[PDB]
Amino acid sequence: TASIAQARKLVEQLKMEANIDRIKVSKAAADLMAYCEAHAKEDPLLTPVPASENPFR
Amino acid sequence: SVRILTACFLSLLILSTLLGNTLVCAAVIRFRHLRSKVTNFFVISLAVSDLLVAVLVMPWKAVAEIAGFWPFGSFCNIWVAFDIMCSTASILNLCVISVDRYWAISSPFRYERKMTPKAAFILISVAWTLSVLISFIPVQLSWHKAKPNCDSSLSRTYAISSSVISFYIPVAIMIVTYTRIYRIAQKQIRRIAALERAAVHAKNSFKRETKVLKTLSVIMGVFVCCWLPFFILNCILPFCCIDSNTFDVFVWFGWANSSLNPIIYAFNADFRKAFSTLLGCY
Amino acid sequence: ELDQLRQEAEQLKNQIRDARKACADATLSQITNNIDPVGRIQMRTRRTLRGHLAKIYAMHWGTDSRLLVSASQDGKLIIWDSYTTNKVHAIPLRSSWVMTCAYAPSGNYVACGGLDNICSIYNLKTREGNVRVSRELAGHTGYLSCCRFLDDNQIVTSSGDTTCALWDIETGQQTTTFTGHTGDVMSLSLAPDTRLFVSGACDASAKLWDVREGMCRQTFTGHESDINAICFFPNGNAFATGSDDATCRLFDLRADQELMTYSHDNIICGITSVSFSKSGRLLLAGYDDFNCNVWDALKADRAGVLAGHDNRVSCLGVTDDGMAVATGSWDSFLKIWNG
Amino acid sequence: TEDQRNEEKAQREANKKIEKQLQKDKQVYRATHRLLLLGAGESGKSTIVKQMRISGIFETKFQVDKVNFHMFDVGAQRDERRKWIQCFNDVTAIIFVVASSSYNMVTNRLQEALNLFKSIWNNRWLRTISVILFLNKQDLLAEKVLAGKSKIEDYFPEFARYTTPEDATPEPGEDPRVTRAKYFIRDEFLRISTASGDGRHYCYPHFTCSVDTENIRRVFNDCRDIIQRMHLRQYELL
Ligand SMILES: Cc1cc(-c2cccn3ccnc23)ccc1-c1c(C)c(=O)[nH]c(=O)n1C
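Chains as they are written, first to last, in the entry's author numbering: chain G, 6 to 62; chain R, 21 to 168, 185 to 240, 263 to 298, 307 to 348; chain B, 3 to 341; chain A, 9 to 62, 205 to 256, 263 to 394.
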């Protein structure tokens, strides 16, 4: 009596996961590039910071 | 040109001793997973004693061999004390290593609660104090020489007294400790083989018993063959007909034990790994 | 009956896969091709913290980027001052099998949990001064594997009983239960706005959860083995995963599919931890082979390697200001990196 | 200025006070042996824990001859594919408890125990961990073998050709029929044990009962043997 319930619950979950709207990958990849470009000046691990203001020296 | 060949051999021996004991000393400093164990507190002491043998003892006698006389004059009376101290320390370190291994293997639970890093220090201090006591106090008192170049003859009393404390007592302890380790190692092999035989009979060794004899034979025969001819003649000569050349050969055999000590005692899985890391990062 | 529902599920899966294929137009590598490579990353151990007796399983930075807590399988929860290497607290635990810890964003609480199936909350700043257990959250039927504070009163925990839960610390009762995973849930990662969170499980699937709604929104696949680590991109629209099959992947929430794969031919050990940087350009990941590999999140080129741990690297964190990187290991040492 | 000096002094005092406490705990940690206890709910595992003492993990502390032991039960809402099994890769031993009288009870319970033992034995995280094997419920097995309708050959066909090994030390009053079954089951476990034995871990079978005062001494002696063999192996003598 539980197999039918689990199958119907799985179908119900899969129905909800298929009703979303998906954007193109090209636009999605273009937004991660935009984020890194605008914050590359405040990434101390990427751009080395002089030891004057480094608190670990 | 046999002189050149002898000089090359002696230089190779000194360089081998220096390199081996420096590599043993270098690895323990670099890696703190070797310094953690109290059992390695005794290997580094042995390496230090072998290093002092290589530095303060071997080169000057090697030079005196090549030249044919003693070019230092007033250093003979201090060189003898350094020789005695640095050889006695090595032998006592070997004895302490054997006792440590025996106590670890025979009483594994009392070893873990009592072998604190403050007992290894006491043992090492006792060994080096015994080394210092018999080497400098008697020598800088004219007690080693018989009352009747650097070719002195030891007193009939001092030669016997120092040969016992420095060789005979340490070599008996090593024999008793390494034979109880042999008995333990053979009981364990019999129990494992019994279970394997039971499994085989359900389905219906020799190398292990050879491995234990190989290691013990390598440990003991090297030490005995290196130091026994020297200490046999060290007691016969004061009583007095063998010349000094054969005695020099046996003296040099005694010091060659310090070259193989890194191979015998600091050549396990992790010491070898540290040596590979220090040599080419392999 | 059963055949009809099986066919319906097959049709739904085929529709989802067809939609994902249709939305796939160009790859991340193709777009990120003219970008100047970062180059090489030089990072040196700036600190080394000692005091734990056994393997270290977790660590967590504070929001001030100075304090951090770490967990060891010796029953200790030690709080460090990363600047001065001093120890601020040392909290003994009732159970010796802790596998996760967390730092409250306010800084007044630390969490804990493990094989005892209990999440323990500790009061750090109190008028007495001592550190005592405030609450104990029971209700999971499997080991606690991760826990992340939302505020001083809410916390999300993941468990090996294939279930994540949201709790109310004041009342000690569950508020929402997140079901749908078939294998043990291993990791959690809260969104920057604490509105969503992702979890990785042993069924090689990740899921995106709605905290206020309680339902699963998106399900991501692609890994072949258990997922051990998961992390959000700083933007909040992407996340990264680490697995036992010696690979890392980047997924996009809006595109609803994988974008990049971070792997190498000479890597066969699994990933234990994963993290990002302040800009999101670098992808730091811990490995079973005792070191940490710094990646390039846009080009999949290994920018550097962090080495110096004697044993397996188990945990890995990056400060909120981007200043430093801390790693713990099974050799019981915390090493802070910078460069 | 002065405020920074005062703060640093207070922080150093607190750090020193903490480090003083961390020094005794290091001494206590090194004196304790961790033991992982496995088995099934059908086996007499629960009674053994009660004897040692006299819902997440269950932990128990007991001490023998000034040696501290610390044992863990993982029978807390678990399943197969043990992911938590890597937390115990540096324990002294694993205590595997089996109900020997469950051969007829139903696949077979004994076959399930054998499969679990083979799974644990070949685990990658347990390649240096020895197993102390308890073959529990021996009185029930003796009663079943003596009188009843349960024939081992019906469930295990290999029992029709088994022969008692010569290294058998049966109790003086036991029926020789009972001893054959005991050693057949023990050899069935030992075949798995020695078919993949690496030389770094071993198995220590025992014929036990759920209510025994000798189980603690069995664990103590087997742990002593494990530590001794590890010492012997680290010196290239074994
Ligand atoms: C004969 C001797 C014996 C010992 C000794 C005595 C007791 C314990 N020992 C342990 C190691 N060496 C010793 C030391 C140095 C000498 C010696 C040598 C080699 C030489 O060429 N010229 C000398 O005049 N002497 C004195």
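Yeah, the Cβ is synthetic: ideal placement off N, Cα and C, and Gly gets one too.
Between the Cα of residue i and those of the options, spot the shortest distance and give me the residue it belongs to.
i: residue 18(A); options: 70(B), 86(B), 13(B) and 35(B); result: 86(B)
i: residue 117(R); options: 141(R), 97(R), 100(R) and 240(R); result: 141(R)
i: residue 34(B); options: 59(B), 299(B) and 337(B); result: 299(B)
i: residue 213(A); options: 394(A), 43(A) and 313(A); result: 43(A)
i: residue 339(B); options: 189(B), 332(B), 327(B) and 331(B); result: 327(B)
i: residue 232(B); options: 317(B), 64(B), 12(B) and 145(B); result: 317(B)
i: residue 71(R); options: 136(R), 342(R), 324(R) and 309(R); result: 324(R)
i: residue 1(R); options: 240(R), 314(R) and 331(R); result: Past the boundaries of the shown model lies residue 1(R); chain R is included only from 21 to 348, so the question cannot be answered.
i: residue 53(B); options: 143(B), 119(B), 89(B) and 127(B); result: 89(B)
i: residue 54(G); options: 45(B), 49(B), 55(B) and 50(B); result: 45(B)
i: residue 135(R); options: 25(R), 186(R), 88(R) and 61(R); result: 61(R)
i: residue 236(A); options: 173(B), 75(B), 83(B) and 141(B); result: 75(B)
i: residue 191(B); options: 242(B), 329(B), 156(B) and 65(B); result: 242(B)
i: residue 267(B); options: 274(B), 278(B), 247(B) and 281(B); result: 247(B)
i: residue 74(R); options: 224(R), 318(R) and 330(R); result: 318(R)
i: residue 292(A); options: 367(A), 61(A), 13(A) and 356(A); result: 367(A)
i: residue 358(A); options: 284(A), 319(A) and 47(A); result: 284(A)
i: residue 220(B); options: 198(B), 292(B), 312(B) and 291(B); result: 198(B)
i: residue 51(B); options: 229(B), 70(B), 64(B) and 285(B); result: 70(B)
i: residue 227(B); options: 273(B), 180(B) and 217(B); result: 273(B)
i: residue 163(B); options: 157(B), 143(B) and 172(B); result: 143(B)
i: residue 247(A); options: 386(A), 360(A) and 377(A); result: 360(A)
i: residue 303(R); options: 337(R), 348(R) and 83(R); result: Placed between 298 and 307 in the numbering, residue 303(R) has no coordinates, as chain R goes from one to the other without interruption by modelled residues.
i: residue 91(B); options: 12(A), 27(A) and 388(A); result: 27(A)
i: residue 312(B); options: 324(B), 329(B), 20(B) and 237(B); result: 329(B)
i: residue 318(A); options: 48(A), 329(A), 31(A) and 333(A); result: 333(A)
State yes or no: is the C-beta of residue i within less than 8 Å of the C-beta of residue j?
i: residue 292(R); j: residue 195(R); result: yes
i: residue 177(B); j: residue 147(B); result: no
i: residue 203(B); j: residue 262(B); result: no
i: residue 36(G); j: residue 239(B); result: yes
i: residue 257(B); j: residue 25(B); result: yes
i: residue 104(B); j: residue 137(B); result: no
i: residue 186(R); j: residue 96(R); result: yes
i: residue 315(A); j: residue 340(A); result: yes
i: residue 250(B); j: residue 201(B); result: no
i: residue 337(A); j: residue 297(A); result: yes
i: residue 126(B); j: residue 109(B); result: yes
i: residue 365(A); j: residue 243(A); result: no
i: residue 45(A); j: residue 223(A); result: yes
i: residue 63(R); j: residue 340(R); result: no
i: residue 276(R); j: residue 330(R); result: yes
i: residue 115(B); j: residue 159(B); result: yes
- Message: Please list, in chain order, the residues of the stretch 304-327 of chain B that have any C-beta partner in chain G closer than 8 Å.
- Response: 320, 323, 324, 325, 326 and 327
- For the stretch 207-239 of chain R, enumerate the residues whose C-beta is nearer than 9 Å to any C-beta of chain A, in chain order. 217, 218, 220, 221, 224, 225, 227, 228, 230, 231, 232, 233, 234, 235, 236, 237, 238 and 239
- Which residues, in order along the stretch 7-29 of chain B, keep a beta-carbon less than 9 Å from a beta-carbon of chain G? 7, 8, 10, 11, 14, 15, 17, 18, 21, 22, 24, 25, 26, 27, 28 and 29
- Any residues in the stretch 199-231 of chain B with a beta carbon nearer than 7 Å to a beta carbon of chain G? Which ones, in chain order? 218, 220 and 221
- Message: Taking 8 Å as the cut-off, does the stretch 44-59 of chain A touch the stretch 131-145 of chain B (at least 3 CB pairs, one atom from each stretch)?
- Response: no
- Message: Pairs of beta-carbons, one from the stretch 27-47 of chain R and one from the stretch 38-45 of chain G, closer than 8 Å: are there three or more?
- Response: no
- Within 8 Å of chain B by C-beta, residues of the stretch 19-35 of chain A in sequence order: 19, 20, 22, 23, 26, 27, 29, 30, 33 and 34
- Message: Three or more C-beta pairs under 8 Å: does that hold for the stretch 335-351 of chain A against the stretch 264-271 of chain A?
- Response: yes
- Proximal residues, the stretch 48-59 of chain A versus chain B, C-beta separation under 8 Å: none
- Residues in the stretch 117-144 of chain B having any Cβ partner in chain A nearer than 8 Å: 117, 118, 119, 120, 143 and 144
- Given 8 Å as the limit, is there contact between the stretch 372-391 of chain A and the stretch 298-315 of chain A, that is, 3 or more CB pairs closer than that? no
- Query: Do the stretch 214-225 of chain A and the stretch 246-253 of chain A make contact, defined as three or more Cβ pairs closer than 8 Å?
  - Reply: no
- Message: Would you call the stretch 270-279 of chain R in contact with the stretch 206-221 of chain R, where contact means no fewer than 3 C-beta pairs closer than 8 Å?
- Response: yes
- Message: Beta carbons nearer than 7 Å to chain B: which residues of the stretch 222-248 of chain A have them?
- Response: 226, 227, 233, 234 and 237
- Determine which residues of the stretch 74-94 of chain B have a Cβ less than 9 Å from any Cβ of chain A, and write them out in chain order. 75, 76, 77, 78, 80, 83, 86, 87, 88, 89, 90, 91, 92 and 94
- Message: If the cut-off is 9 Å on Cβ atoms, which residues from the stretch 157-170 of chain B count as contacting chain A, listed in chain order?
- Response: 162 and 163
- Taking only beta carbons into account, state which residues of the stretch 105-121 of chain R come closer than 7 Å to chain A, listed in chain order. 121
- Item | the stretch 11-26 of chain G contacting the stretch 4-16 of chain B, beta-carbon criterion three pairs below 8 Å | yes
- When Cβ atoms are compared, which residues of the stretch 13-30 of chain G fall closer than 8 Å to chain B? 13, 15, 16, 18, 19, 20, 21, 22, 23, 25, 27, 28, 29 and 30
- Which residues, in chain order, does the stretch 74-99 of chain R contribute to contact with chain A at a C-beta distance below 8 Å? none
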